[PDB]
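Before any questions on how it binds or moves, here is one chain, the form deposited in one PDB entry, in structure tokens.
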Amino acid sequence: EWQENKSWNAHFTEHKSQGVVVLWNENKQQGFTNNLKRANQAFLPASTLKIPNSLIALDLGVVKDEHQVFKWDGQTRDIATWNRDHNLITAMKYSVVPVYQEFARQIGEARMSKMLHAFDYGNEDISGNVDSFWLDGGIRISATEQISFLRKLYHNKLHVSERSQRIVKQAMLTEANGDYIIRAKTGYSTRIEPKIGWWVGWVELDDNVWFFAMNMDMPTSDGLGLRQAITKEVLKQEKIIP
């Protein structure tokens, strides 16, 4: 059963923002959120789509492994970290659109769409075009749908090989210490109103896993750090992390 907890709103209020955090306790099969309505609002995935994109690239052998280097094409771009060679680990880490655009062109439009459908990943909206779709059809996904997808990935239940899912979860590694491990992917949807920032993944504990998906209004990039900040604030409140 889903349970709503407005007390989390204070963490959004504090930084003068608007959003939703969704948490799923895997042991208890119970969800929590500050807003069930927006928890179920579908938005563009932005770079959270790189999780299934990576699964598909690995499963088709377009990416051999997390070590294969994809060379910089020489065009310089506004994100300095993109102007360098990358492997799957660092392409995830820095959300390198040109690397993923080259994956997408090797995979194929139609296969991409089919294989995202096989994931139950958001809802139809299939164009376009090749490799960056939305415009006459952009997959949208709600935060709870992100949890549902992430749960299958965690349990290796998706319609791709087990190796593919293992390597993507390695590449999603964001933080680890003696208390918790976070595997997650950020996203920032700018090219259609309303601008929103994403953070989706899970926290592994010794004896439990907490899946989370959050999105929030992001009129400018000044607030991007708040994606992790507000999430951790909520994770601290619910005593998931210290």
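Residue numbers here begin at 1 and follow the sequence given.
Not on display, but discussed next: the form solved in complex with a small molecule.
This chain is displayed without the small molecule, yet in the entry with it bound the stretch 74 to 82 from 146 to 154, 108 to 116, 74 to 82, 162 to 170 comes within 4.5 Å of it by heavy atoms.
Not one of 53, 121 and 140 is positioned with any heavy atom within 4.5 Å of the small molecule in the entry with it bound. For the chain shown alone, residue 95 is a contact residue for the small molecule in the entry with it bound, at least one non-hydrogen atom being within 4.5 angstroms. Not displayed here, the small molecule is approached by residue 186 to within 4.5 Å at the level of heavy atoms in the entry with it bound.
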